[PDB]
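Given next, in C-alpha cells, is a single chain: the form deposited in one PDB entry.
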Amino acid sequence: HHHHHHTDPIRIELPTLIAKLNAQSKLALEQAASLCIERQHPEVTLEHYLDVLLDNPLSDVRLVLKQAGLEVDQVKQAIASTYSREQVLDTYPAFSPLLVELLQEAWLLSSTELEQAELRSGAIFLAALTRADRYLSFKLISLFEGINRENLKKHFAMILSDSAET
C-alpha cells in the first residue's frame, strides 16, 4: 500500500510482560540483574536468570532439571563457563533484547497451550528449550539435549505441582 508502511510481527512492551510474571518468578529477575552488577556484565541474560533459579530447589527450573536427572552443580558450572569476563558498565544492566523476546514467546505459550495465568520460569525455560538454537548458549544446548520438550509441554502443571511458582 502507498499509505501504510511495511510492518513486522507485533512486539509487546517490556513493562506489560514484566507485569505477567509470578511473584517468585519476578524476584529472580531482579536478582539476576544484581548478579549482573556483581559479575560486571552489561545486560541480564537468560543464563543469569537460570543461575539464580538454581538456588531455589522449588523453582520450576530446578524441578525440570530433577525430572531430567541433571545435577544442579553440573548446570551451574556450565552456565558459569559461558559468562564473559568483567566489562566496564556505563549503564545499569537491562534485560537483553533476546531475553525480552523470550518473555514474549513464553507468555504466548503460557496463555495458550500451558493454561497459565502468570508467566513462570517453567514456561520461560520450555520456550527457550523449544527454540534452543535461538535462546541458549551452545554448551547448555548440549547439556539440555535430554530434556523432553513434548513431555514438559504436555504434562507441564503435573511436573511442576510442587513448585514455589504454582
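Don't overthink the numbering: it's just position in the shown sequence, from 1. Shifts are known only where both forms have a C-alpha. Heads up, when I say rigid core I mean the largest set of C-alphas that superpose within 1.5 Å between the two forms.
There is another form of this protein, the form deposited with a partner chain bound, and it is not shown here; the text below is about that form.
Taking the partner chain in the entry with it bound as the reference, which of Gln67, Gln40, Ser111, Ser34 has a non-hydrogen atom within 4.5 Å? Checking each option against the partner chain in the entry with it bound, the one that comes within 4.5 Å is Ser34.
Answer with one of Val44, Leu50, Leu119, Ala127: the residue that has a non-hydrogen atom within 4.5 Å of the partner chain in the entry with it bound. Contact with the partner chain in the entry with it bound is made by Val44 alone.
Quick check for you: of 24-32, 136-144, 111-119, 50-58, which stretch puts a non-hydrogen atom within 4.5 Å of the partner chain in the entry with it bound? This holds for exactly one stretch, 24-32.
Does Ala157 reach the partner chain in the entry with it bound, with heavy atoms at most 4.5 Å apart? No, no contact at 4.5 Å.
Looking at the partner-bound form in the entry with it bound, is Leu63 within 4.5 Å of the partner chain by any heavy atom? No, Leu63 sits far enough from the partner chain in the entry with it bound that none of its heavy atoms falls within 4.5 Å.
Is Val72 near the partner chain? Define near as a heavy atom within 4.5 Å, in the entry with it bound. It does not: once the partner chain is placed as it appears in the entry with it bound, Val72 has no heavy atom within 4.5 Å of it.
So in the entry with it bound, does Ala80 come within 4.5 Å of the partner chain, heavy atom to heavy atom? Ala80 lies outside the contact set for the partner chain.
Core-aligned, C-alpha shift of at least 2 Å, runs of at least 3 residues: can you list them between the shown form and the other one? When the rigid core is held fixed, residues 84-86 make up the only run that shifts.
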